[PDB]
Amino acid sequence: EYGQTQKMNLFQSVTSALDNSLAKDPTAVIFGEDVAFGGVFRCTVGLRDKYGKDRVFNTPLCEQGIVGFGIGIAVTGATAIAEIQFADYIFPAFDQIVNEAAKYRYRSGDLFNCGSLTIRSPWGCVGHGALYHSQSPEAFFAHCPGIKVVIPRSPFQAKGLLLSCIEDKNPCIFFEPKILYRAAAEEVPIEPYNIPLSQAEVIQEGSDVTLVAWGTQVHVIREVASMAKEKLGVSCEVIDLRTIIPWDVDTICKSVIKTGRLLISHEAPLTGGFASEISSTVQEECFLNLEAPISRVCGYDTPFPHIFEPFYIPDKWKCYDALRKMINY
């Protein structure tokens, strides 16, 4: 379908995406803390030697500066791919993102824009990251019209989605599940390709219950579906949301009209998490089809803990038990 492939883990598929972008776009540059030597998660290995020190470069240690700087590059029409080292450290740049990047086009009547900006950032739990190496900030950004928030589940998905972000004419935040960086490899096309933004993917068809998740949590719900089928005779539709905003309301609603049941899962805390937006929307569009309450299986409403991580995450047993109760409602 896509030409020659090779086995890549998530970090290598990111490098491949970034390589293909620099090769085909003479304006593109990549910048952030420690990107020159290859990055702390190895996502930029070899790019500076290949493309030059004026295209792949270190900034001072200042997240609000990195984002402000990226916006100014994009204001001239050049592709700016900014890295924030951990998603937990995106918050200093929150005003640059929310008040500036997201509103740049609207407030100028489209005289100016920073659509050629993409911010990439490692995201999600890692087993031992505790408070500041584990966060999933996507719900903070979902409430800000004018930006796109995109999260891949795999290497193949990551390269296609990142290329779409980079080429999309809106400022994009691309969150890379850091626990997958060195996890299993899959086949990833060597040459550029795109996966559409704002499109969910039904990765497994089912008739009894719709499961929705994104990032690593997609693999958790796939396993939950397997446990449901085997232990309960229950047929799950598994959906990778992929784009957080603008999200693919139609695919989720069409699945729930078929099943009549929805469970949404995410690592981020329950309160204010993005599952509440999906739940309240599906409740509005599929009210008459709902056999049971939409269930949200999320992290607890606490900061992300070090030694208690195993008890914090919405793991497959947590999801399975909720699904079981939902099936019995």
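We number the residues from 1 along the sequence you see.
Peer 1: If you average the CA temperature factors over each stretch, which comes out higher, 131-139 or 187-195?
Peer 2: Result of the comparison: 131-139.
Peer 1: Mean Cα B factor from the PDB record: higher for 44-52, or higher for 295-303?
Peer 2: According to the PDB entry, the answer is 44-52.
Peer 1: Tell me, please, which of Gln217, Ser226, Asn99, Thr243 has the highest C-alpha B factor according to the deposited entry?
Peer 2: That would be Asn99, according to the entry.
Peer 1: Can you tell me which third, lowest, middle or highest, the CA B-factor of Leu232 falls into for its chain?
Peer 2: Middle third, going by the recorded CA B-factors of the chain.
Peer 1: Grab the CA temperature factor for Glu83 from the record and place it in the lowest, middle or highest third of its chain.
Peer 2: It belongs to the highest third of the chain when residues are ordered by C-alpha B-factor.
Peer 1: According to the PDB entry, is the CA B factor of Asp19 in the bottom, middle or top third of its chain, that is, lowest, middle or highest?
Peer 2: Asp19: CA B-factor falls in the middle third of its chain.
Peer 1: Going by what the PDB entry lists, where does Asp248 fall on CA B-factor within its chain: lowest, middle or highest third?
Peer 2: Lowest third.
Peer 1: Going by the recorded CA B-factors, say which third of the chain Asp315 sits in, lowest, middle or highest.
Peer 2: Tercile = middle for this residue's CA B-factor.
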